[PDB]
Amino acid sequence: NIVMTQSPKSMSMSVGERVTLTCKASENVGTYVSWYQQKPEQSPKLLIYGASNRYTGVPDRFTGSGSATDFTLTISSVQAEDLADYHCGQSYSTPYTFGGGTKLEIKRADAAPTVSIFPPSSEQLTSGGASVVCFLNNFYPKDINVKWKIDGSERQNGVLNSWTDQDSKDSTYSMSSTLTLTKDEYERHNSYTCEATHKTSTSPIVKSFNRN
Amino acid sequence: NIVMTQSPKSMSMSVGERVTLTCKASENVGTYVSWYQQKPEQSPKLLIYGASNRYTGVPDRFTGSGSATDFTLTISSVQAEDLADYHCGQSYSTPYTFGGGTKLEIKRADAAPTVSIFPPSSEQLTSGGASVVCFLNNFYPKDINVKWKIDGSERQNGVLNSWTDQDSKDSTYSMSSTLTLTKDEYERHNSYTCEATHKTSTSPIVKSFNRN
Amino acid sequence: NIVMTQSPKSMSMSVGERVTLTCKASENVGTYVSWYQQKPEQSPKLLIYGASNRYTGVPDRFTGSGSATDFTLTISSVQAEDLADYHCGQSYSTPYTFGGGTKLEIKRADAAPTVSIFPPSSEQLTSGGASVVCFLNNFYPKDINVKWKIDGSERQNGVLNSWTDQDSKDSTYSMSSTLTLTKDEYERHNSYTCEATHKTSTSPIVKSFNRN
Amino acid sequence: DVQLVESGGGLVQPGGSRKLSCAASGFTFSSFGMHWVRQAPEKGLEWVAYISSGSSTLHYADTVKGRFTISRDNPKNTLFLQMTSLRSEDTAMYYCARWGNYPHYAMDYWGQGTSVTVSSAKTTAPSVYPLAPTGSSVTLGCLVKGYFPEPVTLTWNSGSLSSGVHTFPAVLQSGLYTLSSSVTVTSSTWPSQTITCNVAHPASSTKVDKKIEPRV
Amino acid sequence: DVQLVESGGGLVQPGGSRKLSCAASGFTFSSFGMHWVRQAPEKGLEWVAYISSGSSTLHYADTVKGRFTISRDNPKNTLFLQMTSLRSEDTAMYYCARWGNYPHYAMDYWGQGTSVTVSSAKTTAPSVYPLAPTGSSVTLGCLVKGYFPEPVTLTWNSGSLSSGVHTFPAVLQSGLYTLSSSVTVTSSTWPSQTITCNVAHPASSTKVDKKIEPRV
Amino acid sequence: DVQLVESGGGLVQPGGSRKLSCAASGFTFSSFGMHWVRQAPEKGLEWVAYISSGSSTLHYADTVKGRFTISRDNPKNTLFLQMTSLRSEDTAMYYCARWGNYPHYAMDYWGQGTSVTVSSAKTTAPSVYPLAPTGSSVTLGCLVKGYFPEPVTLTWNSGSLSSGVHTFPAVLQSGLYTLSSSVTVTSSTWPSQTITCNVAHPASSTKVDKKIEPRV
């Protein structure tokens, strides 16, 4: 099988700059590598065929290159609408194969997360549940680490973390962190805290409430 | 007209035994007699054509015979699913004519009727009506005679008798007997009784209640 | 122009009976008359072509006939689902022309209207409006006459009457009658009454309320 | 395969008229003669009418000649029976049948039957009365009184109760029909779990449910 | 199979212009003549225009000649009706139909219809008023007042309440439409379980819900 | 132009079977080879199967061989994927693609994707909880808990509130999915003008609205 190794899977680039995506095949290809762009909601769309031919309506800023074992997609200069997943693909022998994909994101200025914490609603409590929720909104870059504390003690059991993709509006990220407890345990502790570590802060960013 | 006399109209036969149904024509036929089976809910289905040819999916246990004036349907051996109405029919000249039909039933062991009696409901009474009802359930054979008594006196005015066909489950019969009275008369007597005569009993089977 | 006169525009027929719809042309046609059935929500569907040919999936109960100047659609026997508008049409010369259409309805037993009356809502009043509404529901036949009285005096100014088509459930009609007033006038009278005349009643059916 | 479906049955006054339909599919309709045959409440089959494939040869039973007309619309694959001057004795289940099985001509395929009642009695919903009563078993009942025309259909707990249900054929008294139905249930669980007879009357679109309440 | 789908309807002022489309599929479009036919609010079908398969023979009804043009784009399998100099009387549901059924030419397949209203009245959402009232049954109502153009659509409890709903056809008074709808509910469970009429008006993208509150 | 539309996705138990469809239009279907390609939740594209224009040459990925069958109905312009012996790892978005771009063969046109989830977990509506909290701005939230399968869709004030809404991708815990959504509104106008999160769950036809109420 012609294995396609695509790197990096994740790449950030400032507007005006040059994005380069590499795709190395385990054995040699044409003239048979293609590239696909996949925007968030949509199906993949053919971008490059052959190795360097643009498809209908593909901006000249997109250029593919390479031969034999080694291919590339370069977009120069990157614009705001270039945010997408990019996939290389060989059409030369069955099994047709794809690279793992690259998520292209806009690099922008660091932004500290804005944090909100929410006690379980009375409606969940009355049903026996007790989820505590922390929103960590509009930050950059995307790497962030969230810890939950209960009465000052760390708790990683029952923690659900979820990141949005890059926001089209301001190129920031947001993430949600949920500590799932039962009401019986929730009622037995006083204070709940989510703490996050991020580039924009030397100390943990903290948000807390006392149950009442 | 070619008159078809079918006999008997009613016939009982034990499983494993031989059922014979006769059809005599008033004048001679082919090779033009057919036989139809009609199961309770359904339309007649062609069983024999010509006089002895089986139709598609008709079991070999079904055989027709005869010639000229005299024809027969024999089912040997009778099985539980052979319960039906059977009709002979001539296709030889207009007017096409049918026999009167034969109701084939399973013969089984005698069973005494189980009897329940029911006073008129309060809801009927309040509307001015007064029907008294007797159920005579799960008996064999089918011949049974029901009499109603009011304060010990026989009453045949306002009596409705109704028999089910043979029950597929246990090959028994059931019948319903209703004495229809007005509330004004019903309130003027004390005791109501249905009495039945059946093979399984030397004395009348009796069921009674006193109005209250 | 080939004028098609279709009669009657409205026709009621009991289930099991024969409906006949006539279409007379102002000059002679083929073999070029067609018939269309139009059910409430839908587009016309071709029913008969030529003058007597059934189209795909048209029940045999539908038969068209005629020649020269005079054509007919007969449905024998009428069933519940035959409720529709039926249109004749000539395909023989431009301008292609249609009859005025016939509304076929199910004839059923007379039913007196069930009447409800409604004062203007507080929400309309607060906006300055004052519509009084009478529902006349589930009646047959469809001809009915509604009069509005205010303090006992007849009022035909501001009255909106509206009939549904025949109801699929029970083949009855319903109609709505609205008296539109301003709040300034509404507040100056005490009693409002809708009165209806219908076949099922020798006297007017009346519904009334006093404003409060 | 061969399919024959009928409609147009119902209640008509004596002297009245009505038209039955028989739809055909799964064979070349215009290549077969067709029959109407009837079956009265008591009863037996009776040949009514025949029409050849092209509507040229028509035959009638003596008792219908000049009152009934049989016809067909071959383009619409439909067979008809036009009934007029209706008598009480025309009350029956009406079947259409194909004259097939060539060359051993026989009524090889039959429609489902459509019911015609000819009567001056009018359509009336039934009254429905619960019949309450050691046994282990207890028997309960349902009285369905004064409806027209036939039929009514009876279920208990909406079909959930099957075995032990006996529904008796209707009887005519004083112009209307009456029937009853019985069901047997466990004595230890009645009345603590409910028993309801459900009655529906096609001709008047009426449906009635009736819980069975105890009484000493 | 044969598929015909239309669009382009809406509200236009008198003297205005508009273009309707009819998309075709499941047959060889360029091999059939096509028709536009219309149906007014009261009403009846009326032939508007015909165009042969290759757009060479065109025919028009007298009342549209010189105002309407019918055309087609065979490569895109689409039929058009260009309407100009619009009058009030052009208010109708417009259908396209295929001239098929060769050699017995007939309008064998019809589009769904697209509505054209020609009026100087402007698009207006309705006001919606609850109509509250022993019976066992109780009747409630919904007044939908002063909207334009037609149509509005009415549901109760978002479609959950079906039977017993009557929605009356709209009437024009003082330039706008008014209609009402009624529903019947169980008296023992009103108001303790809520009843809401929902009204939507396509032309103005308006949706309104209205709970029915009791009052003596 | 070229149009490819899919359907048939949904939830299936492991070992189960399912059939996806891909409708084509705007090109000569029977002249192109077609592909199925899939994309898992995490993820990446994966080639599944190929069929030549006349269904003679068929190819399969190793992980589907003997379990999946690809076929086509050229008269009905439809491509199919018959899936049997389903595993968890078959959970993916499934796309059909045309093998076009001759003579530089490439997947030039793709369908919209239809989602297949393979799991023994059953379809369950979510519970939905409002998350209430100076700022000028205030952040509110919506917790959507314990639903299956994916997806759910989230709106606030029925789409009226757009910017500042973040809806987080679902996470699986204890067999079911949970997600949350946040919105930011003006502090001076909350709660005096209402904020509602609306949640709908396609697989179970469930829709829920939830007002956000204040609390100290």
# chains A, B, ... in the order shown; residues from 1 in each chain; ligands from 1
$ closest_atom_pairs --of "chain D" --to "chain C" --cutoff "6 Å" --atoms "only C-alpha atoms" --output "tab-separated table"
residue	atom	partner	partner_atom	distance
D:8	CA	C:16	CA	5.1
D:18	CA	C:16	CA	5.0
D:19	CA	C:77	CA	4.5
D:20	CA	C:77	CA	5.9
D:73	CA	C:60	CA	5.4
D:75	CA	C:54	CA	5.4
D:76	CA	C:60	CA	4.5
D:77	CA	C:60	CA	5.8
D:78	CA	C:60	CA	3.9
$ write_last_selection --atoms "C-alpha atoms" --output "compact mmCIF listing (two decimals), in the first residue's frame"
# COMPACT_ATOMS: atom_id res chain seq x y z
CA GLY D 8 -69.31 0.20 -2.97
CA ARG D 18 -76.31 1.17 -5.80
CA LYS D 19 -73.12 0.46 -7.78
CA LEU D 20 -70.37 -1.96 -6.73
CA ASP D 73 -64.32 -0.54 -18.07
CA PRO D 75 -59.05 0.61 -19.93
CA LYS D 76 -59.42 1.17 -16.17
CA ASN D 77 -59.29 -2.57 -15.40
CA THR D 78 -62.55 -2.36 -13.46
$ calpha_fit_and_write --fixed "chain C" --moving "chain B" --output "PDB file with C-alpha atoms, in the first residue's frame"
ATOM      1  CA  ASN B   1     -63.163  29.616 -28.994  1.00  0.00           C
ATOM      2  CA  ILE B   2     -64.465  26.263 -27.889  1.00  0.00           C
ATOM      3  CA  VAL B   3     -66.459  27.183 -24.790  1.00  0.00           C
ATOM      4  CA  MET B   4     -66.978  24.364 -22.271  1.00  0.00           C
ATOM      5  CA  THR B   5     -70.001  24.687 -20.030  1.00  0.00           C
ATOM      6  CA  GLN B   6     -69.720  22.376 -17.058  1.00  0.00           C
ATOM      7  CA  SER B   7     -72.679  21.601 -14.843  1.00  0.00           C
ATOM      8  CA  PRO B   8     -73.415  21.485 -12.059  1.00  0.00           C
ATOM      9  CA  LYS B   9     -70.609  23.434 -10.403  1.00  0.00           C
ATOM     10  CA  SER B  10     -71.632  21.792  -7.156  1.00  0.00           C
ATOM     11  CA  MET B  11     -72.939  18.282  -6.752  1.00  0.00           C
ATOM     12  CA  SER B  12     -73.659  16.047  -3.747  1.00  0.00           C
ATOM     13  CA  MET B  13     -74.004  12.273  -3.979  1.00  0.00           C
ATOM     14  CA  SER B  14     -74.525   9.524  -1.385  1.00  0.00           C
ATOM     15  CA  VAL B  15     -71.855   6.792  -1.216  1.00  0.00           C
ATOM     16  CA  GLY B  16     -72.893   3.848  -3.380  1.00  0.00           C
ATOM     17  CA  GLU B  17     -74.761   6.118  -5.803  1.00  0.00           C
ATOM     18  CA  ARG B  18     -74.058   7.457  -9.278  1.00  0.00           C
ATOM     19  CA  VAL B  19     -72.421  10.806  -9.920  1.00  0.00           C
ATOM     20  CA  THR B  20     -72.820  12.382 -13.310  1.00  0.00           C
ATOM     21  CA  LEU B  21     -71.015  15.446 -14.466  1.00  0.00           C
ATOM     22  CA  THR B  22     -71.858  17.009 -17.827  1.00  0.00           C
ATOM     23  CA  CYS B  23     -69.683  19.105 -20.098  1.00  0.00           C
ATOM     24  CA  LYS B  24     -71.199  20.700 -23.165  1.00  0.00           C
ATOM     25  CA  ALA B  25     -69.015  22.311 -25.807  1.00  0.00           C
ATOM     26  CA  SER B  26     -70.093  25.357 -27.848  1.00  0.00           C
ATOM     27  CA  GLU B  27     -68.899  23.541 -30.957  1.00  0.00           C
ATOM     28  CA  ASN B  28     -67.928  19.946 -31.672  1.00  0.00           C
ATOM     29  CA  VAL B  29     -64.812  18.231 -30.222  1.00  0.00           C
ATOM     30  CA  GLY B  30     -63.130  14.792 -30.683  1.00  0.00           C
ATOM     31  CA  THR B  31     -62.130  12.456 -29.036  1.00  0.00           C
ATOM     32  CA  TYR B  32     -60.389  15.516 -27.575  1.00  0.00           C
ATOM     33  CA  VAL B  33     -62.156  15.982 -24.251  1.00  0.00           C
ATOM     34  CA  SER B  34     -60.157  15.101 -21.172  1.00  0.00           C
ATOM     35  CA  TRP B  35     -61.145  15.106 -17.514  1.00  0.00           C
ATOM     36  CA  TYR B  36     -59.070  16.114 -14.526  1.00  0.00           C
ATOM     37  CA  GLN B  37     -59.493  15.383 -10.850  1.00  0.00           C
ATOM     38  CA  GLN B  38     -58.158  17.910  -8.356  1.00  0.00           C
ATOM     39  CA  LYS B  39     -58.006  16.930  -4.688  1.00  0.00           C
ATOM     40  CA  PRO B  40     -57.948  19.820  -2.104  1.00  0.00           C
ATOM     41  CA  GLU B  41     -54.215  20.395  -1.588  1.00  0.00           C
ATOM     42  CA  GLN B  42     -53.047  19.184  -4.985  1.00  0.00           C
ATOM     43  CA  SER B  43     -52.564  19.886  -8.663  1.00  0.00           C
ATOM     44  CA  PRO B  44     -55.034  18.540 -11.240  1.00  0.00           C
ATOM     45  CA  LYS B  45     -54.341  14.958 -12.306  1.00  0.00           C
ATOM     46  CA  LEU B  46     -55.343  13.520 -15.692  1.00  0.00           C
ATOM     47  CA  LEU B  47     -58.284  11.150 -15.303  1.00  0.00           C
ATOM     48  CA  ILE B  48     -59.741  10.548 -18.724  1.00  0.00           C
ATOM     49  CA  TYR B  49     -58.160  11.132 -22.076  1.00  0.00           C
ATOM     50  CA  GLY B  50     -59.810  10.824 -25.449  1.00  0.00           C
ATOM     51  CA  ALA B  51     -63.209  10.750 -24.146  1.00  0.00           C
ATOM     52  CA  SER B  52     -63.414   7.482 -22.443  1.00  0.00           C
ATOM     53  CA  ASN B  53     -59.915   6.186 -21.852  1.00  0.00           C
ATOM     54  CA  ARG B  54     -58.750   5.762 -18.308  1.00  0.00           C
ATOM     55  CA  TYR B  55     -55.314   6.940 -17.353  1.00  0.00           C
ATOM     56  CA  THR B  56     -52.791   5.011 -15.284  1.00  0.00           C
ATOM     57  CA  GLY B  57     -54.173   4.074 -11.882  1.00  0.00           C
ATOM     58  CA  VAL B  58     -57.644   5.503 -12.520  1.00  0.00           C
ATOM     59  CA  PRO B  59     -60.287   3.197 -10.927  1.00  0.00           C
ATOM     60  CA  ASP B  60     -62.778   1.489 -13.265  1.00  0.00           C
ATOM     61  CA  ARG B  61     -65.550   3.262 -11.346  1.00  0.00           C
ATOM     62  CA  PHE B  62     -64.572   6.320 -13.386  1.00  0.00           C
ATOM     63  CA  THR B  63     -66.008   6.333 -16.888  1.00  0.00           C
ATOM     64  CA  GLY B  64     -66.123   9.134 -19.441  1.00  0.00           C
ATOM     65  CA  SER B  65     -68.378   9.291 -22.416  1.00  0.00           C
ATOM     66  CA  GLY B  66     -69.757  11.427 -25.100  1.00  0.00           C
ATOM     67  CA  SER B  67     -69.120  12.761 -28.548  1.00  0.00           C
ATOM     68  CA  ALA B  68     -69.453  15.854 -30.643  1.00  0.00           C
ATOM     69  CA  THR B  69     -70.929  18.485 -28.455  1.00  0.00           C
ATOM     70  CA  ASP B  70     -71.814  16.574 -25.358  1.00  0.00           C
ATOM     71  CA  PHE B  71     -69.611  14.695 -22.831  1.00  0.00           C
ATOM     72  CA  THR B  72     -69.975  13.189 -19.378  1.00  0.00           C
ATOM     73  CA  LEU B  73     -68.041  11.859 -16.441  1.00  0.00           C
ATOM     74  CA  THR B  74     -69.820   9.278 -14.360  1.00  0.00           C
ATOM     75  CA  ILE B  75     -68.483   7.674 -11.216  1.00  0.00           C
ATOM     76  CA  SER B  76     -70.440   4.617 -10.187  1.00  0.00           C
ATOM     77  CA  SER B  77     -70.312   3.945  -7.384  1.00  0.00           C
ATOM     78  CA  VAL B  78     -69.116   7.102  -5.599  1.00  0.00           C
ATOM     79  CA  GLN B  79     -66.739   6.443  -2.742  1.00  0.00           C
ATOM     80  CA  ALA B  80     -65.492   8.690   0.069  1.00  0.00           C
ATOM     81  CA  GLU B  81     -62.194   9.434  -1.692  1.00  0.00           C
ATOM     82  CA  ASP B  82     -63.923  10.739  -4.846  1.00  0.00           C
ATOM     83  CA  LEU B  83     -64.387  14.145  -3.140  1.00  0.00           C
ATOM     84  CA  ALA B  84     -62.624  16.590  -5.457  1.00  0.00           C
ATOM     85  CA  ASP B  85     -62.923  19.224  -8.141  1.00  0.00           C
ATOM     86  CA  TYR B  86     -63.475  17.775 -11.611  1.00  0.00           C
ATOM     87  CA  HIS B  87     -62.613  19.720 -14.762  1.00  0.00           C
ATOM     88  CA  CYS B  88     -63.331  18.963 -18.353  1.00  0.00           C
ATOM     89  CA  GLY B  89     -61.010  20.123 -21.090  1.00  0.00           C
ATOM     90  CA  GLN B  90     -60.681  20.228 -24.820  1.00  0.00           C
ATOM     91  CA  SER B  91     -57.469  19.518 -26.530  1.00  0.00           C
ATOM     92  CA  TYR B  92     -58.599  20.070 -30.052  1.00  0.00           C
ATOM     93  CA  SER B  93     -57.789  23.659 -30.938  1.00  0.00           C
ATOM     94  CA  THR B  94     -56.093  26.583 -29.453  1.00  0.00           C
ATOM     95  CA  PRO B  95     -57.098  28.184 -27.324  1.00  0.00           C
ATOM     96  CA  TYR B  96     -57.236  25.060 -25.161  1.00  0.00           C
ATOM     97  CA  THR B  97     -60.126  25.596 -22.784  1.00  0.00           C
ATOM     98  CA  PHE B  98     -61.488  24.145 -19.548  1.00  0.00           C
ATOM     99  CA  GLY B  99     -64.939  23.874 -18.035  1.00  0.00           C
ATOM    100  CA  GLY B 100     -65.645  25.888 -14.922  1.00  0.00           C
ATOM    101  CA  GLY B 101     -65.217  22.809 -12.752  1.00  0.00           C
ATOM    102  CA  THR B 102     -67.491  20.749 -10.500  1.00  0.00           C
ATOM    103  CA  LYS B 103     -67.063  20.300  -6.756  1.00  0.00           C
ATOM    104  CA  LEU B 104     -68.094  16.776  -5.914  1.00  0.00           C
ATOM    105  CA  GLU B 105     -69.245  16.262  -2.353  1.00  0.00           C
ATOM    106  CA  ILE B 106     -70.608  13.379  -0.306  1.00  0.00           C
ATOM    107  CA  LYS B 107     -74.306  13.591   0.511  1.00  0.00           C
ATOM    108  CA  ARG B 108     -75.015  12.525   4.095  1.00  0.00           C
ATOM    109  CA  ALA B 109     -77.654  12.856   6.803  1.00  0.00           C
ATOM    110  CA  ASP B 110     -78.754  16.340   7.908  1.00  0.00           C
ATOM    111  CA  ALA B 111     -76.845  17.707  10.894  1.00  0.00           C
ATOM    112  CA  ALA B 112     -77.662  20.807  12.922  1.00  0.00           C
ATOM    113  CA  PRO B 113     -74.749  23.213  13.477  1.00  0.00           C
ATOM    114  CA  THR B 114     -73.024  23.344  16.834  1.00  0.00           C
ATOM    115  CA  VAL B 115     -72.559  27.011  17.646  1.00  0.00           C
ATOM    116  CA  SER B 116     -70.005  28.804  19.795  1.00  0.00           C
ATOM    117  CA  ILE B 117     -69.738  32.568  20.230  1.00  0.00           C
ATOM    118  CA  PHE B 118     -66.632  34.502  21.312  1.00  0.00           C
ATOM    119  CA  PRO B 119     -66.279  38.087  22.622  1.00  0.00           C
ATOM    120  CA  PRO B 120     -63.272  40.061  21.412  1.00  0.00           C
ATOM    121  CA  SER B 121     -60.144  39.080  23.346  1.00  0.00           C
ATOM    122  CA  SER B 122     -58.703  41.542  25.840  1.00  0.00           C
ATOM    123  CA  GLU B 123     -55.581  41.648  23.615  1.00  0.00           C
ATOM    124  CA  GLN B 124     -57.503  42.877  20.559  1.00  0.00           C
ATOM    125  CA  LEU B 125     -59.473  45.373  22.678  1.00  0.00           C
ATOM    126  CA  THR B 126     -56.263  46.847  24.056  1.00  0.00           C
ATOM    127  CA  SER B 127     -55.178  47.470  20.468  1.00  0.00           C
ATOM    128  CA  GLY B 128     -58.449  49.211  19.617  1.00  0.00           C
ATOM    129  CA  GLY B 129     -60.091  46.394  17.677  1.00  0.00           C
ATOM    130  CA  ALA B 130     -63.244  44.412  18.427  1.00  0.00           C
ATOM    131  CA  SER B 131     -64.080  41.380  16.350  1.00  0.00           C
ATOM    132  CA  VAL B 132     -66.825  39.109  17.603  1.00  0.00           C
ATOM    133  CA  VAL B 133     -66.642  35.530  16.322  1.00  0.00           C
ATOM    134  CA  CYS B 134     -69.224  32.777  15.775  1.00  0.00           C
ATOM    135  CA  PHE B 135     -68.267  29.223  14.871  1.00  0.00           C
ATOM    136  CA  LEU B 136     -70.960  27.117  13.206  1.00  0.00           C
ATOM    137  CA  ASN B 137     -69.527  23.609  13.259  1.00  0.00           C
ATOM    138  CA  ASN B 138     -70.215  20.177  11.747  1.00  0.00           C
ATOM    139  CA  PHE B 139     -73.467  20.722   9.875  1.00  0.00           C
ATOM    140  CA  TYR B 140     -75.079  19.347   6.720  1.00  0.00           C
ATOM    141  CA  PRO B 141     -76.204  20.413   4.186  1.00  0.00           C
ATOM    142  CA  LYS B 142     -73.892  23.327   3.440  1.00  0.00           C
ATOM    143  CA  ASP B 143     -76.445  26.096   2.823  1.00  0.00           C
ATOM    144  CA  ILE B 144     -76.804  28.188   5.962  1.00  0.00           C
ATOM    145  CA  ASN B 145     -77.577  31.855   6.556  1.00  0.00           C
ATOM    146  CA  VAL B 146     -76.024  33.849   9.383  1.00  0.00           C
ATOM    147  CA  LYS B 147     -77.277  37.141  10.767  1.00  0.00           C
ATOM    148  CA  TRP B 148     -75.662  39.280  13.440  1.00  0.00           C
ATOM    149  CA  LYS B 149     -77.640  41.325  15.937  1.00  0.00           C
ATOM    150  CA  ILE B 150     -76.347  44.087  18.184  1.00  0.00           C
ATOM    151  CA  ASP B 151     -78.716  45.017  21.025  1.00  0.00           C
ATOM    152  CA  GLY B 152     -81.345  43.126  19.041  1.00  0.00           C
ATOM    153  CA  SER B 153     -80.783  45.049  15.777  1.00  0.00           C
ATOM    154  CA  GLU B 154     -79.567  43.394  12.578  1.00  0.00           C
ATOM    155  CA  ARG B 155     -76.106  44.366  11.360  1.00  0.00           C
ATOM    156  CA  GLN B 156     -74.607  43.298   8.039  1.00  0.00           C
ATOM    157  CA  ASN B 157     -71.827  45.838   7.913  1.00  0.00           C
ATOM    158  CA  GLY B 158     -68.496  44.334   8.934  1.00  0.00           C
ATOM    159  CA  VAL B 159     -69.639  40.707   8.643  1.00  0.00           C
ATOM    160  CA  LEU B 160     -67.194  38.141   7.218  1.00  0.00           C
ATOM    161  CA  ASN B 161     -68.517  34.680   6.399  1.00  0.00           C
ATOM    162  CA  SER B 162     -66.275  31.724   5.550  1.00  0.00           C
ATOM    163  CA  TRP B 163     -67.072  28.034   4.823  1.00  0.00           C
ATOM    164  CA  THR B 164     -64.615  25.128   4.939  1.00  0.00           C
ATOM    165  CA  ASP B 165     -64.827  22.471   2.263  1.00  0.00           C
ATOM    166  CA  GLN B 166     -66.400  19.139   3.186  1.00  0.00           C
ATOM    167  CA  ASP B 167     -64.604  17.530   6.122  1.00  0.00           C
ATOM    168  CA  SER B 168     -62.978  14.193   5.297  1.00  0.00           C
ATOM    169  CA  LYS B 169     -63.747  12.774   8.754  1.00  0.00           C
ATOM    170  CA  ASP B 170     -67.553  13.105   8.828  1.00  0.00           C
ATOM    171  CA  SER B 171     -68.521  14.776   5.537  1.00  0.00           C
ATOM    172  CA  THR B 172     -69.912  17.773   7.427  1.00  0.00           C
ATOM    173  CA  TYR B 173     -69.381  21.447   6.805  1.00  0.00           C
ATOM    174  CA  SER B 174     -68.296  24.160   9.168  1.00  0.00           C
ATOM    175  CA  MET B 175     -68.336  27.896   8.751  1.00  0.00           C
ATOM    176  CA  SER B 176     -67.051  30.958  10.556  1.00  0.00           C
ATOM    177  CA  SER B 177     -68.817  34.299  10.880  1.00  0.00           C
ATOM    178  CA  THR B 178     -67.011  37.373  12.134  1.00  0.00           C
ATOM    179  CA  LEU B 179     -68.525  40.741  12.992  1.00  0.00           C
ATOM    180  CA  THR B 180     -65.786  43.365  12.765  1.00  0.00           C
ATOM    181  CA  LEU B 181     -66.288  46.413  14.958  1.00  0.00           C
ATOM    182  CA  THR B 182     -64.106  49.079  16.440  1.00  0.00           C
ATOM    183  CA  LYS B 183     -63.687  49.024  20.217  1.00  0.00           C
ATOM    184  CA  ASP B 184     -65.382  52.437  20.500  1.00  0.00           C
ATOM    185  CA  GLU B 185     -68.605  51.058  19.038  1.00  0.00           C
ATOM    186  CA  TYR B 186     -68.277  47.666  20.755  1.00  0.00           C
ATOM    187  CA  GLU B 187     -68.122  49.327  24.175  1.00  0.00           C
ATOM    188  CA  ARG B 188     -71.351  51.212  23.396  1.00  0.00           C
ATOM    189  CA  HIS B 189     -73.591  48.175  23.101  1.00  0.00           C
ATOM    190  CA  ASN B 190     -74.530  45.469  25.548  1.00  0.00           C
ATOM    191  CA  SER B 191     -75.475  42.324  23.721  1.00  0.00           C
ATOM    192  CA  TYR B 192     -74.205  40.466  20.679  1.00  0.00           C
ATOM    193  CA  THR B 193     -75.952  37.676  18.924  1.00  0.00           C
ATOM    194  CA  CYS B 194     -75.372  35.547  15.886  1.00  0.00           C
ATOM    195  CA  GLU B 195     -78.457  33.898  14.428  1.00  0.00           C
ATOM    196  CA  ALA B 196     -78.443  31.220  11.764  1.00  0.00           C
ATOM    197  CA  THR B 197     -81.059  29.710   9.494  1.00  0.00           C
ATOM    198  CA  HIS B 198     -80.542  26.124   8.382  1.00  0.00           C
ATOM    199  CA  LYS B 199     -82.590  23.193   7.064  1.00  0.00           C
ATOM    200  CA  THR B 200     -82.454  21.317  10.403  1.00  0.00           C
ATOM    201  CA  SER B 201     -84.339  24.051  12.247  1.00  0.00           C
ATOM    202  CA  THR B 202     -87.697  25.778  11.802  1.00  0.00           C
ATOM    203  CA  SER B 203     -86.599  28.587  14.122  1.00  0.00           C
ATOM    204  CA  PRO B 204     -83.305  30.520  13.906  1.00  0.00           C
ATOM    205  CA  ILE B 205     -80.461  28.913  15.825  1.00  0.00           C
ATOM    206  CA  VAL B 206     -79.242  31.628  18.161  1.00  0.00           C
ATOM    207  CA  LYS B 207     -76.109  32.274  20.222  1.00  0.00           C
ATOM    208  CA  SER B 208     -75.611  35.351  22.348  1.00  0.00           C
ATOM    209  CA  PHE B 209     -73.533  37.026  25.043  1.00  0.00           C
ATOM    210  CA  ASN B 210     -73.632  40.249  27.024  1.00  0.00           C
ATOM    211  CA  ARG B 211     -70.422  42.355  26.977  1.00  0.00           C
ATOM    212  CA  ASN B 212     -68.517  42.591  30.295  1.00  0.00           C
TER     213      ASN B 212
END
$ select_by_dssp --residues "stretch 23-162 of chain C" --states "alpha helix (DSSP H)" --output "PDB file with C-alpha atoms, in the first residue's frame"
ATOM      1  CA  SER C 122     -58.703  41.542  25.840  1.00  0.00           C
ATOM      2  CA  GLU C 123     -55.581  41.647  23.615  1.00  0.00           C
ATOM      3  CA  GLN C 124     -57.503  42.877  20.558  1.00  0.00           C
ATOM      4  CA  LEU C 125     -59.473  45.373  22.678  1.00  0.00           C
TER       5      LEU C 125
END
$ residues_around --residues "residue D:6" --least-positions-apart "3" --cutoff "8 Å" --atoms "only C-alpha atoms" --output "number ranges by chain"
D: 20-23, 95-96, 111-114
